[PDB]
Structures are given as structure tokens and as C-alpha cells.
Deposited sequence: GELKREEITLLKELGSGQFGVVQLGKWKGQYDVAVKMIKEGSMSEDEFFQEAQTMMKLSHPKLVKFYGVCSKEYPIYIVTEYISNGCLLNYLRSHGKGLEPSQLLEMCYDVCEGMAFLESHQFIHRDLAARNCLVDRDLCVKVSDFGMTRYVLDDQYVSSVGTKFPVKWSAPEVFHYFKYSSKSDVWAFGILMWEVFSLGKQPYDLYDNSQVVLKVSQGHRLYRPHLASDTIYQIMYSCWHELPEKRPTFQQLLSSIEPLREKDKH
């Protein structure tokens, strides 16, 4: 729902997000928040504000908590809880010396559990990647910004920022987004986690990745991934969406491996 703009105090810039500037703030003199600044003309506002009511209801412990919006003037505020360790990708890249396989599996489990919740509500993320998940002070991973690419108005010029390297073939060929394309992206995220934040298909440009993935190329097993864990991420990358597991099945598959 709608928040009172003056009940948000902006404290410092967190950086430039996919959707604009993001600020650390305080809400109601009590709660630590992140505030996404949404500029005029950047979003299909009608569609977004309908979905903003959906975002508010889609609450889960492994989803970043959405508090509300300030929508009556620009910039629009999207207000979420503050998650202190920032994006999962940079966490991996700066904590690899201390991270062990059991913790890496727990990170994947957290994301899978949030995604199973979204799947159960027929909600498609569209842009799952380690860069888009957040790590809290207790190393719980939370899914963030789910669904937000749908309301972006700017041409992505599919040089492009379009996330080909996380995209199932039906996404890069047909732009067909589904919970099964989210599953493909989840497998790529599992690879990012177990590789301690490597870039997928590092030596290759987007055109090379479309051809190689179309021809059956898949990411190699990270050193820290067991055969069982590799089989889980690899199962996410079937050419056919109907041959990929659901997030409910993946969650089932990961649970017995936790330590």
C-alpha cells in the first residue's frame, strides 16, 4: 500500500540499481529500509501499481520484505527492508575464502524456497541471478526485485544488457517467460554460488552463448559442487521446459542434502 513520504528519511546512496538510484533510509524513525527511486517514464506505472498490490501480498521469509510505495509524486519510492550484506554475487566474490559447501548449499536452498513460494502463486521472477539476490547479516539469502523487468518501458535492444547468460532457450528465442525459465536461471545461480561468483560462459559473448547453448553446451561442474549438487543444477538446463523440475521438486531435492 501507500506510505507517507515524510515518514521515510533518506540516509545514503546504496548505489545505482537496475531501476534507478537506491537509498538506505529509515521508516517511521525505527525501520531500516532500502528505497528504490523510480523516475518518470521509466515504468508502465498503471501495470506496476496493480502489481505493487500483488508485491505487498507475496510475503515469505526468503523474499525481501516489501513495505509499500510512495506513488503520489516523482520519484516514486519502492520501499523494502534493508538487507545488510548486499547482493549475493559480490558476497560470494568477497567471502570465498571462508565459504564451505554446506553454506553454499544453504544459499541455494534459501533462493529455491523463495522461488517455490513464487511458483506456488504463479508469479514469474523473469530475472533471477546472483546479482539480484540479497544476503542478510545471518547469511540468509533473499530473492529481490522479482517481476520488475515486466514493467520497464525502455528498449533493452535485444551490446545489450539483456541477460542472455541466465536465459533458457525459449527466452532467448521466443521471450517466453515462465516458472520453468526461472528454473533454468536458478540453475545458473546455483553455478554462480558453487563457483564462488564466476561469470557464466566467461570467454563468450551473447551471440556465442545463444549458439553454444542451443547446440547443447552447459556450464561445467564447479570444484566445490558434489556430483549430486551438479546433477541438480544440470537438471535445470534441459532444452525443453517440461523436462526441467519445478521449484517444488528442486526444494524436495535440496532438503535432504542440508547439513
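**Request:** Enumerate the deposited-sequence segments absent from the coordinates, judged by C-alpha atoms, in order of position.
**Result:** No C-alpha for residues 159-161, 263-266.
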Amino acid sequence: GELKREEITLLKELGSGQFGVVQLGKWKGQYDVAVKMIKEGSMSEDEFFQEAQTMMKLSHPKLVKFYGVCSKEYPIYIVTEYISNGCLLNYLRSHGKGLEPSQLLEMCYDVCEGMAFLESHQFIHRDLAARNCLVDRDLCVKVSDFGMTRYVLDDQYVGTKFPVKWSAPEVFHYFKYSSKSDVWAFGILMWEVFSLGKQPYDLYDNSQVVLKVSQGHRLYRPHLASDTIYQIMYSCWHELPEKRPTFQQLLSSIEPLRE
From here on, numbers count along this sequence of modelled residues.
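**Message:** Regarding 134-142 and 67-75, which shows the higher C-alpha temperature factor on average in the entry?
**Reply:** Per the PDB entry, the higher value belongs to 67-75.
**Asked** For the stretches 230-238 and 196-204, which has the higher mean C-alpha B-factor as given in the deposited record?
**Response** Averaging CA B-factors over each stretch, the winner is 196-204.
**Message:** Looking at the C-alpha B-factor values in the deposited entry, which of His223, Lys62, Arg218, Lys39 comes out highest?
**Reply:** Answer for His223, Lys62, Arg218, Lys39: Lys39, with the highest C-alpha B-factor.
**Item:** CA B-factor placement of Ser179, once the chain's modelled residues are sorted into thirds
**Value:** Lowest third, going by the recorded CA B-factors of the chain.
**Request:** Going by the recorded CA B-factors, say which third of the chain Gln156 sits in, lowest, middle or highest.
**Result:** Highest third - that is where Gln156 ends up once the chain's C-alpha B-factors are sorted.
**Message:** Could you place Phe162 in the lowest, middle or highest third of its chain by Cα temperature factor, using the values in the record?
**Reply:** Highest third - that is where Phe162 ends up once the chain's C-alpha B-factors are sorted.
**Request:** Divide the modelled residues of the chain into thirds by Cα B-factor and specify which third, lowest, middle or highest, holds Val33.
**Result:** It falls in the bottom third of the chain.
**Item:** Chain third (lowest, middle, highest) by recorded CA B-factor, residue given as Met190
**Value:** Ranked within chain, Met190 CA B lands in the lowest tercile.
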